[PDB]
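A, B, C, D, E, F, G, H, I and J label the chains in the order they appear, each numbered from 1.
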Amino acid sequence: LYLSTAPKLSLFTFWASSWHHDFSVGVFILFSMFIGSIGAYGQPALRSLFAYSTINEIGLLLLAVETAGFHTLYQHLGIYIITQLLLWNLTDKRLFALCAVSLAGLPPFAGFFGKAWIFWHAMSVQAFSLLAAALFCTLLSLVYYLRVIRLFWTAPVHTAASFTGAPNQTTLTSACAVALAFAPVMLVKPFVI
Amino acid sequence: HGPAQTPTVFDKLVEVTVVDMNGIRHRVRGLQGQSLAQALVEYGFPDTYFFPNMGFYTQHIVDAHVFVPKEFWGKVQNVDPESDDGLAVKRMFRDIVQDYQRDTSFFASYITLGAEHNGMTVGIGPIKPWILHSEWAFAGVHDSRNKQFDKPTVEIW
Amino acid sequence: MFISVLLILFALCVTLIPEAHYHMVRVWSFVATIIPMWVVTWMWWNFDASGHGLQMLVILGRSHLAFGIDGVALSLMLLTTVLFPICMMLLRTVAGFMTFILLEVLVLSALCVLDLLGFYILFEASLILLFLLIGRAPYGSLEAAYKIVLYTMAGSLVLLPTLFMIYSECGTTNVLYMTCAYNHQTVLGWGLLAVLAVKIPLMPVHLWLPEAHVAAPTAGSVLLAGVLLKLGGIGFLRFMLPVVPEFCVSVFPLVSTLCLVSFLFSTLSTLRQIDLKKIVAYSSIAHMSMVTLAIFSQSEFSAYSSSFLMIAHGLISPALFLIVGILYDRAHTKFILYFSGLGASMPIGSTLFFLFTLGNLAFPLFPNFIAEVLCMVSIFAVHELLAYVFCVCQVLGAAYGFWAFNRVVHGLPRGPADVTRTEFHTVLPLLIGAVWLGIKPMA
Amino acid sequence: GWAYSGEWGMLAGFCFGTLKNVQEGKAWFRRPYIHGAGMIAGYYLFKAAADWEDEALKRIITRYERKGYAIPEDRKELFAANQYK
Amino acid sequence: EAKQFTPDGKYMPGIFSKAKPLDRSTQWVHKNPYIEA
Amino acid sequence: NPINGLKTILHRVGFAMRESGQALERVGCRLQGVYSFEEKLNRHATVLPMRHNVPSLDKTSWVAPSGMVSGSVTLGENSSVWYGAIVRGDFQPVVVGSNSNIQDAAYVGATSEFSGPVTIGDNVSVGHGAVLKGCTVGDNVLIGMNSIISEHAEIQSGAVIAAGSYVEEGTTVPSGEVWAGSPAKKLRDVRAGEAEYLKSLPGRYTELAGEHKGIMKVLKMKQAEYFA
Amino acid sequence: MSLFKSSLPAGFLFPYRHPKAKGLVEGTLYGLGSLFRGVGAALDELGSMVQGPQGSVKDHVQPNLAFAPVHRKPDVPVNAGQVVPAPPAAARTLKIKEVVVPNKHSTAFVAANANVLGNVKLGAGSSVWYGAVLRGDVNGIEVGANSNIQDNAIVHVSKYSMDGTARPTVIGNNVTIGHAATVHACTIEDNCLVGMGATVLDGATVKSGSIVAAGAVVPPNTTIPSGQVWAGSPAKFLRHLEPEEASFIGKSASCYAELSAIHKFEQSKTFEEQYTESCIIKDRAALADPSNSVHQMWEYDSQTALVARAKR
Amino acid sequence: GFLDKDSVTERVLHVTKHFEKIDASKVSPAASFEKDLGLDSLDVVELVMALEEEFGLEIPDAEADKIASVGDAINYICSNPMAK
Amino acid sequence: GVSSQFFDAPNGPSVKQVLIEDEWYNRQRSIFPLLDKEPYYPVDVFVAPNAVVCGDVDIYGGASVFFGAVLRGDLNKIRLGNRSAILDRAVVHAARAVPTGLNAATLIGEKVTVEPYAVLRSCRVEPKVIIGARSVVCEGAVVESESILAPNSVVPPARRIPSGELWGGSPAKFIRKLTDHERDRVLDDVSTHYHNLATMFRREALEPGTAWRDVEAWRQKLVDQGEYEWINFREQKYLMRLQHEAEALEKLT
Amino acid sequence: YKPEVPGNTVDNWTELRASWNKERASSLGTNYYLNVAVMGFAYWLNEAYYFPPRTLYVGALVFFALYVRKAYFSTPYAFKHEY
């Protein structure tokens, strides 16, 4: 949970502030996108599934980087960090599918818009190649995201009770991170810029 | 429907001789329609004798590694090697067993006991160390007293 | 807007109802869908055909979400709001009520959208709902949901770069300014064609529907049959023609030939179907292809004819699905060779089967007949060859229709008895609406 | 800033308390103090968001004009405005 | 021959009735294995 | 029933206010550092309300501390529910008239999803440990110990139910009949002395229940003496 | 004298109730807490009163009815319980001079939720389980040693019957009573087993070493000899005692005696001790972390979560 | 059943073949250690040692005591789950 | 003959013990451990205040234990499946061993409903099963899924209950075949009905309640009188453990 | 209704055991080698980004075509005693 958020955030910020180069990273973006998508499709293990999902998301962030426009980069990083925060402190499994739909780019929640402005800026430079690759990888994400949904939505509801006190010690942060469906209201406007 | 004898558990009672990895014979009573490994858990085998299934939408299913003698080979329900379930089984061979593989290596989750299985004898197959997630792993050492039957739940998460 | 928000909050109160009082649960769930029907009635009473081509305009600031009413959207809303209570009458779980409430909300919001990005966002917000609906554990098929969801996502992902490109080109996402700016019509046109050729069943990318509409239960089946295909036609009419005409023109031979081959192959494929539900599934394809060709013809009155045909199918086909669902539920199977002697067994139900079969076959005293007449008028004015192709194969659909009807209805009596009061009530709105629109639709 | 931001925040806090009781198996309406605190938090947070939009927009117009991109005054009102939209 | 109702309505499920209760599944067909295949 | 809605909203608001007050008193106890509130003492309730729906108890009626009633329970004049018995009216109303005994750990209630309201007459003796679900009973019937009465069956006034028998659903038994068996059936008619014993049965239960109430009142006096 | 018997503050040592406050900080905090308590109680009562008739019932503790008296009657012979003077308040208020309470052997164990009242004798090591009722009000109840009353069983007597013979119920030593069993006006001899859910009627008597099948129905005034097994409704003789079944009854006696002892141990604990145990479990789970910072300095006792010695 | 009934038999015969106290042709696929071979308990122990050495297993003393025939050894090996 | 004291408790021995006849108000706990056997219940479990639950008992999902019911898992492990109904004053018990030779634990499958006054002891209850009132299943018997057991029915030990059928009687016997609809929905119907009732009861849970005030008032009075006593259970337990060790070591040689 | 699994159970299980009686090594070496290769030669594609799109897509199709899947990877060389 720590690793997915902090060093990535700091490195993106330092890149945005004090970095320039005279090259491209597009082939590495292709590597990340394709490999992460295929692996997250093919790995039955939930840990490795989320690992390859993270690889695909960091590839998406790199694609956003290569075409500049760091505003979408920032907002998508924030959304993904919110989702990761919601992920690793889960006690009920009913909300677990909300993470998938916030990662699979389903419309009504923030993952969709976070991928959406990224696509908008990619088209703003007409980066046809990487935009098409990102679209295809986004499609491939949906398979294992629906698999996640099946695994932890269409199941009997059961949650173990605490015994050593600390009764569901992370309800507050969980339910707070859940309130991301209300974010797109403020998000749709030119906010992060 | 007439004087048909009352239904008793004896008519569905299945007995299998199971020998541990330490070479100790053990008597186990099984029931028709249920998996062998479920009864194995029901007997008191240590948690180290089991492992998660490596398939999709089946990771809540436990299993144990056993050897099937030559006679009972045909009683093992067939599985397509080309199938996704077959791919999960092959991943199980690839990871759990490694060079512990024997031509009698089999998985108890695909053993549905019946009348013919009465009197069948199998033993436990050795396994390599493994880890699934934070709450269920295998050190590679069978030094434990905790019963797999004592786990309240099977958390894939 | 305020009224709409009141309905939105009022519908959500279903979950807050304790499950102990089932009677009130059913009452509340039904009334929540009842209200929008009266609201749309009030809108229609409020509309002016002597007024602007758009009326009841409202915009939610810089949040896109442009809502306005034409005749097409109002009629589609009316038909949907008629359909939904019947679907509610066929459900028994709170989850189904919530899913269908959200689906109805999304459909209504998209029906009067005026923002292309808004349509993009609002339309496919129900894809997860359909996924959960179709692949239910005891009776559904996961494969059908997988199929349809992947097809819809593929279409939307193809469209999105075009949508954002035209947004940047014109600086906004409102149709009334998108229609007024110069743009690279070609790319957006391909995006729109891809999405609305996936949504409306068009060959070759149409194969999700036969599995989906059959694996789903009766309520979802009626929803999918009568609503989501018409989202494609209203999509064309509201967006593609007003925005990018040159692409529409240069693609017209392609669209026409694709629609024709779709109609022909679907019509021929239907005869080899061995299940009633699959037969009903293939039936809608020809209607949608006819609607699309009528829209693309633009000859004399294309929009009105297309709207008439869309209303006609959304009226008649749900009755076919109702009969199929009744027969399956009170039979536990959908396989044809277990249906025989239904007229003596189900007199009124079999009579309704006959009537709605004729409705599917475009016969006079029915809205479908006038609908296809107007569509063929529009097609003929463009060219007579396309109109002949539509006219020549009229026999081939009625072939399978009559064959299946006679096979399952006449013969040795075996199976369920006739329909119940609830089933006749569910049938009733479609019969009355079809009669009313086939006698005096206008005045 | 948006007109109904604080109402949106209160609705978010309402759902927040609902799902907090969900996560502990309690009835949705139990522990109303949590509901009130969450409503206050959401109201203030989304008011802050509404004000931050105005802050960012003023920053945008200032930066754009300083670079040399001078605007006719008619569209400056699209940025130089604390509009209660 | 069962009594799934009372003399004044009041549908009785008849869980412990010896007779086979008429239900929604009453008119289900008996599937033919060849047809199913 | 808009009155039901008004009652319900009043109950919900008062319930939330009770929540807030009790929580704040828990916080105050924490500040005072005494955790007697934390005690896992038994919460078993003689009178358990259902939202706004409250049992109605005659001033001459009585319930044991172990005895419990829930929902709109109506116990008539000099009507007794003995120790540990559970008569439930949370879902369906149960109506009981005058001089009726619900013996120790006997069940009368309606919890089948289609169980109608339960009616109990007068001079009604339900034996120790009998189960009654969705049934109506006339006056002056001996309901046997550990017996089962199923739904919508009519026990006409004056019959006999032998102990431990099972009465099938909707199976009406006419008056003055002795019935036995799990597939219960008529055995014979009531005898004169047996009927006389039944007629003398109620008053002994009445006097004993009054005495039990007196002893319970004494014990509650001592309970108060501990803190009062 | 674990390691810090003389240094740990009383708050840690006495978590149920802190001692009297000393400092101004402590006194002000106590006053604020008292104000909080009062305001919360006022709010609770306001909510109850606006709530209406339903709130009229309050949280009141249940009386300890496992040992409850019954009425000393002239005709009823006290032979199982024992007459005791009533509390002075009862006599001065509602004219109660003599009450009869059960004669219970100290080694016996009764669950905290049972209903035992009046003329009852409990044998040494005899047990009464949860949810049962033993109302000795009009006659006597005699239970032998090492005799068990299982859960939700019913024991009652008859002062007046169909034949009008007030017959007490006698239970011998080493006697087993089943779960949710029924006992009324019957005599049970020694080393006997009564099935769970069975039903015993009046005038019945069971010889020693006999078997009552579960769920069976005993006819009124019927005698069943030794060495026999009876079942049916009404019961019929089926089989004789197998050699192992008497030893099975003895095993039941032994094992349920052990169970009664363990349950008495679990039940006879004070509230403050239970809270101490809860806190100990909490600290033990806090010590379940191998990376706990204390584990390279302080070694704790497993049973008490207190430092016994340092590790290094 | 854990191994083939034939290959085990030929391996047993081969390991029997290299004993100085035995006759190479007197060894049969099924025989008796005492009556046929005239070998004592210690010779039987040595037999068990040789068989286990070839088959790479471990046999406790009690099982060896139960073993007194060639078929006994073959069926014991085929019943051993650690067979290789 | 066992002493009521346990020096080897998982929490330590009890220093002061209180006689039951000295109790002036009932202190009956609904749920409590048994030595090193501890309960396991869902967060949204309905436990009636007069119910009895102890020790190594497993409960899954939306199951419920109603008024006066007993689940005494002292001799074995007890498991309760998802959304399983236990009505008022029923007992789920077990033994140390059974003639069948299987685990003596009593297993209850998911969506299994139980009427009041039922005794369950060392039986395997497959999911989706109805249990009647005054009905008992003995040790080692198995009830197959999709089955309905009539009230006042006796199930002898080591017996079998074939699925898809209605059975009853004393002893139990065939009655009729369960209809396909009955298998499909009715069992789940009862499950959901009684779960809805259990959640209805759970909604108005004022826990822990306010009755502790009077006991707190009495203790506070004792404090004012000073007669309320301070006892360090931790250090007294340490002294008792040391005394046990010393006395035990002083009796071998 | 249920379709039958094709083939024999014994043959299919034996195929499931084809090329699996082998110890799994550590994944560290592959990871180190991949990182070393990227650190050493990825600069060769620096001039690539200007190349005509047709050639780049041809290269992409070739690279996709010649790939070999790491999971379930087996060789005849795993069970031979000599080259």
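Observations, loosely collected:
Heads up, the rule we're going with is that a residue touches a chain if its C-beta (ideal position, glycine included) is under 8 Å from a C-beta of that chain, and two chains touch if they have at least 3 such contacts.
Between the contact lists of subunit A and subunit F, the overlap consists of D, G, I. The chains in contact with subunit D as well as with subunit I are A, C, F. In this structure, the chain pairs B-I and B-J differ in their number of contacting C-beta pairs, and the larger number is found at B-J. Distances from each chain's CA mean to the overall CA mean are smallest for chain I.
Centre to centre, using the average C-alpha position, subunit A and subunit C are separated by 34 Å. Mean C-alpha position of subunit B lies 57 Å from that of subunit D. Separating the centre of subunit E from that of subunit J, both taken as means of CA atoms, is a distance of 59 Å.
Measuring from the averaged C-alpha position of subunit C to that of subunit J gives a distance of 47 Å.
Within subunit I, the positions touching two or more other chains are listed as 24-29, 40, 42-45, 50, 60, 68, 89, 117, 134, 150-152, 168, 170, 180, 197, 200, 203, 206, 209-212, 214-215, 219. Residues of subunit B in contact with at least two other chains: 91, 102, 152-153. Each of residues 13, 15-16, 24-25, 28 in subunit E touches at least two other chains. Every pair of chains meeting the touch criterion is listed here: A-B, A-C, A-D, A-G, A-I, A-J, B-H, B-I, B-J, C-D, C-E, C-I, D-F, D-I, E-F, E-I, E-J, F-G, F-I, G-I.
By the touch criterion given at the top, residues 15, 18-19, 22, 34, 36-45, 49-51, 66, 68, 84, 86, 88, 90-91, 105, 107, 111, 113, 129, 131, 133, 146, 148, 150, 164-166, 182, 222-223, 226-227 of subunit F touch subunit I in their complex. Note for the complex: subunit I touches subunit F at residues 24-30, 48-50, 67-68, 87-89, 115-117, 133-134, 150-153, 168-170, 189-190, 193-194, 197, 200-201, 204, 206-212, 214-219, 221. Taken in their complex, subunit E has these residues touching subunit I: 13, 15-16, 18-21, 23-26, 28. Those residues of subunit I that touch subunit G in the complex are listed here as 1-6, 9-12, 14-21, 23-29, 32-35, 50, 52, 54, 68, 70, 72, 74-75, 89, 91, 93, 96, 117, 119, 121, 134, 136, 138, 152, 154, 170, 206, 209-215, 219, 223, 230-235, 237-239, 241. Across the interface of their complex, subunit A is touched by residues 2, 5, 8-9, 11-12, 15-17, 19-20, 22-25, 42, 46, 49-50, 52-53, 56-57, 60 of subunit D.
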